[PDB]
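Structure at a glance
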Amino acid sequence: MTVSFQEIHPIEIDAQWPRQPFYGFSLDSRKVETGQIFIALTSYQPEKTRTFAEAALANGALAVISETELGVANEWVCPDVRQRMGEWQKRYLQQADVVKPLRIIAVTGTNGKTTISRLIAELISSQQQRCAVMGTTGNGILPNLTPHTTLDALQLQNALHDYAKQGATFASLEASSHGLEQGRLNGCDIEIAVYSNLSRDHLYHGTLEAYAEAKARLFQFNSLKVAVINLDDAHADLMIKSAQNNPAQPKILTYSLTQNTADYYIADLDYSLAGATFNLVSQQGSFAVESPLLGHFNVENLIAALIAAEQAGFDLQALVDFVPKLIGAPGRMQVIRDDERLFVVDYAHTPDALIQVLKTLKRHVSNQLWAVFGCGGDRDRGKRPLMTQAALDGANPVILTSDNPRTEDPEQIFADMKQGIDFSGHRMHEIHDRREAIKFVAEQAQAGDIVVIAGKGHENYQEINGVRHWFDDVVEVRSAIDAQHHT
């Protein structure tokens, strides 16, 4: 089809360009194609904007729609274009190359967006549908994803359209607060919305009410069929009320780990080296879940994902049966399983970070939770015993080892780490060579143990004497484990 702007969003204007063929919208004056219409967002250097719009006209743009008066030719001033442009681009694509629409699920929340998003995609895909996922670990059809920081509304519509062209019947999206405020999802006919949580720490520049209200905007979409809302969260009520005030009157579903009044809750939860087991209880009965995922947050995330996928027309029992096969999202922990032991390589560079991963893993450990760690050289000597204290408070045994000692005398580093510390009642070893420490725990840890190797994560060097030597914790763990199965 030939497509004109009048068919997308008709206007009264003394100009012929709205009646002409155009080839979609663009936010990029450099790479705008000929006969595309340029959208001139005022780019808060306001004087840059007019030059961008002029460059775009020079590169073949048919016209310019701007938030403000810019004095360019073939111009239409539309102050809220930032909020309508996703819809306009979707309309353009359905005019030019009509496809059957995707069914769109979106999750909003400070934490869990990626995990819930991907679990939803994985469940729906397990039921032989094809599901697209779009977020900070990638974009596309399971399993190949495209990992721009995040997409503008036009790019969102172009990708959603491409996925429909390729067979996807569903898409699972993350919805950040800034994204919602900016109109980035406005073109989307969002069927199911999920709310995970809201947390005081975010790095979003506004008052907390603006952050929460940005999120509530997701539940005002008149596309909304179902709202899936985490009851255990302080701002649940805000989300709920918007769902109630939605003209489309979507169905509201609450979930809770504790309160049995929510539409969904859980019974008899417990943890293990395999993950977690619990009963997911709803009006339709009880379902025994065998999750392969670590941590309490992932019980929450899995609950939200299962509900959203059910609400998409799939049977709860089939999804629950698929759960043991769920992969999840790449995280802060690198987990190596061997002979009923978990080895967890993790950046845990401060006392708080070490204690947090130890608290998570202590839920799962069957026998002993080990911590292996060191303290960087040529750094604050006063923080070293605090690291040791944190390890002792959360793990036993603990292994004191080396981590980027640099030019500092190792004896001083280790003396510092031990300053004022009482090791009575703890199994402690001090193993200066790091490769030696990892070999030690690899051999010594028993069935039901979890071993945290902290301090490096993906950092693949060990700095000594000014020299960064190749050193990878995961490589050493897997070597040692391999050496154990070998003669």
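Residues numbered from 1 in each chain as written, not as in the entry; some residues may be left out. Heavy atoms only, no water.

- Determination of this PDB entry was carried out by X-ray crystallography to a resolution of 2.480 Å, according to the record.

**Some thoughts on the state of the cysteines**
- Enumeration according to the criterion identifies zero disulfides in this entry.
- Summary of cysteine pairing: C78 is not part of a disulfide, and the nearest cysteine sulfur, belonging to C188, is at 19 Å.
- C78 gets classed as buried once you look at its relative accessible area, which sits at 4%. (Disulfide = S-S within 2.5 Å. Buried < 20%, exposed > 50% of the residue type's maximum accessible area, 1.4 Å probe, protein only.)

**Topic: the nonpolar core**
- Formed by 43 residues in total, the largest nonpolar core has its most connected members in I124, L280 and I303.
- In terms of residues, this core owes the most to one element, helix α9 (residues 296–310), which gives nine residues.
- Apart from the residues lying within four places of it in its own chain, the contact partners of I303 are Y255, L257, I266, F278 and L280. (Core = buried A, V, L, I, M, F, W, Y, C linked by side-chain atoms within 4.5 Å. Helix = DSSP H or I, 4+ residues; strand = E, 2+ residues; numbered from the N terminus. Contact = heavy atoms within 4.5 Å.)

**Some remarks on the domain arrangement of the protein chain**
- When the domains of the protein chain are assigned, the result is domain 1 (5–95), domain 2 (96–325) and domain 3 (333–485).
- With centres defined by C-alpha atoms, the gap from domain 2 to domain 3 works out at 36 Å.
- If you look at the interface, domain 2 gives ten residues, while domain 3 gives 15 residues.
- Buried area between domain 2 and domain 3, summed over both chains or domains, comes out near 810 Å², and the portion from carbon and sulfur atoms is 72%.
- On the domain 2 side of the interface with domain 3, the three residues burying the most area are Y271, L273 and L294, jointly 74% of the side's total.
- Across the contact surface, domain 2 and domain 3 share zero salt bridges.
- Remark: the boundary between domain 2 and domain 3 carries five residue pairs in polar contact.
- The set of elements that each furnish at least two residues to the side of domain 2 that touches domain 3 consists of β12 (264–272) and α9. (Domains from an automatic or database assignment. Buried area = accessible area lost by both parts, 1.4 Å probe. Salt bridge = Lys/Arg side-chain N within 4 Å of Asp/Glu carboxyl O. Polar contact = N/O pair within 3.5 Å; in protein donor to acceptor, adjacent residues only side chain to side chain.)

**Focus: the packing of aromatic side chains**
- Scanning all chains against the criterion turns up eleven aromatic pairs.
- A centroid spacing of 6.1 Å and a plane angle of 40° characterise the contact between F25 and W88, whose relative ring orientation is tilted. With respect to burial, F25 and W88 carry one shared label: buried.
- Taken together, the aromatic side chains of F5, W17, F22, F25, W76, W88 and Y92 make up a single cluster linked through ring pairs.
- Its guanidinium or amino end placed over the ring of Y211, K215 lies 4.3 Å from that ring's centre, counting from NZ or CZ. (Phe/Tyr/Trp six-rings, centres within 6.5 Å; stacked < 30°, edge-to-face > 60°. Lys NZ or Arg CZ within 6 Å of the ring centre and 35° of its normal.)

**Remarks on helix α14 (residues 434–444)**
- Burial in α14 covers these residues: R434, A437, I438, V441 and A442. Take α14 and look down its axis: the buried residues cluster within an arc of 130°, on one side only.
- The elements touched by buried residues of α14 are β16 (341–346), β17 (369–373), β18 (398–400), β20 (450–454), β21 (461–464) and α15 (473–484). (Arc of directions from axis to C-beta.)

**Some thoughts on the pairing of strand β5 (residues 103–108)**
- Summarising burial for β5: five of the six residues are buried, a large majority.
- Two elements, β5 and strand β8 (residues 170–174), share five bridges in a ladder whose sense is parallel. Following the sheet pairing, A106 is matched in β8 by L173.
- Strand direction decides the pairing type here: β5 and strand β9 (residues 190–195), joined by five bridges, are parallel. (Pairing = 2+ DSSP bridges.)

**Brief notes about the pairing of β12**
- When β12 meets strand β13 (residues 275–282), the two strands line up antiparallel, connected through seven bridges. Of the residues in β13, the one forming a bridge with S272 is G275.
- The antiparallel hairpin formed by β12 and β13 contains two residues in its connecting segment.

**Quick look at the sheet that holds β18**
- The six strands lie next to each other as β15-β16-β20-β17-β18-β19, forming an open sheet whose pairing is mixed. Of all strands in the sheet, those bounded by a partner on one side alone are β15 (333–338) and β19 (428–430). Neighbour-to-neighbour, the strand axes of this sheet turn through a mean angle of 15°, independent of strand direction.
- Where helix α12 (residues 384–394) meets the sheet, its contacts fall on β17 and β18, and the angle it forms with β17 comes to roughly 165°. (Axes fitted to C-alpha atoms, helices over the stretch in contact; angles between N-to-C directions.)

**Description of unusual backbone geometry**
- Cis geometry is adopted by the peptide bond preceding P143, which originates at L142 and carries an omega value of 15°.
- Considering the arrangement of structural elements, one finds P143 in the loop between β7 (138–141) and α5 (153–165).
- Along the chain, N396 connects to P397 via a cis peptide bond; the corresponding omega equals 5°.
- The backbone of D268 shows a phi angle near 50°, a positive value even though the residue is not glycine.
- Here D268 is to be found in strand β12.
- Since its relative accessible area comes to 63%, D268 is described here as exposed.
- Unusually for a residue other than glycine, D339 sits at a positive phi of about 50°.
- Position of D339 relative to the elements: it lies in the loop between β15 and β16.
- You can call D339 exposed: its relative accessible area is 53%.

**Re the pattern of salt bridges**
- As enumerated under the stated definition, the model contains 18 salt bridges in all.
- Here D189 and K90 are joined by a salt bridge, their closest N and O atoms 3.4 Å apart.
- Using a relative accessible area of 19% as the deciding quantity, one classes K90 as buried.
- For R341, the salt bridge goes to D338, with nearest N and O atoms at 2.8 Å. Summarising the burial analysis for this pair, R341 and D338 share the class buried.
- Each member of the salt-bridge network shares a partner with another, and the members are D403, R434, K456, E459 and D473.

**Remarks on the sheet that holds strand β4 (residues 75–77)**
- What the four strands build is an open sheet, ordered β1-β2-β3-β4; its pairing is parallel. The two strands at the open ends of the sheet, each matched to only one other strand, are β1 (25–26) and β4.
- As defined by bridge partners, strand β3 (residues 63–66) adjoins β4 across three bridges and the pair is classed as parallel. Bridge pairing in β4 links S66 to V77.
- Across the sheet, helix α2 (residues 46–58) is in contact with β2 (37–40) and β3; its angle to β2 comes to roughly 175°.
- Sitting on the sheet, helix α3 (residues 81–97) is in contact with β1, β2, β3 and β4, with an inclination near 135° to β3.

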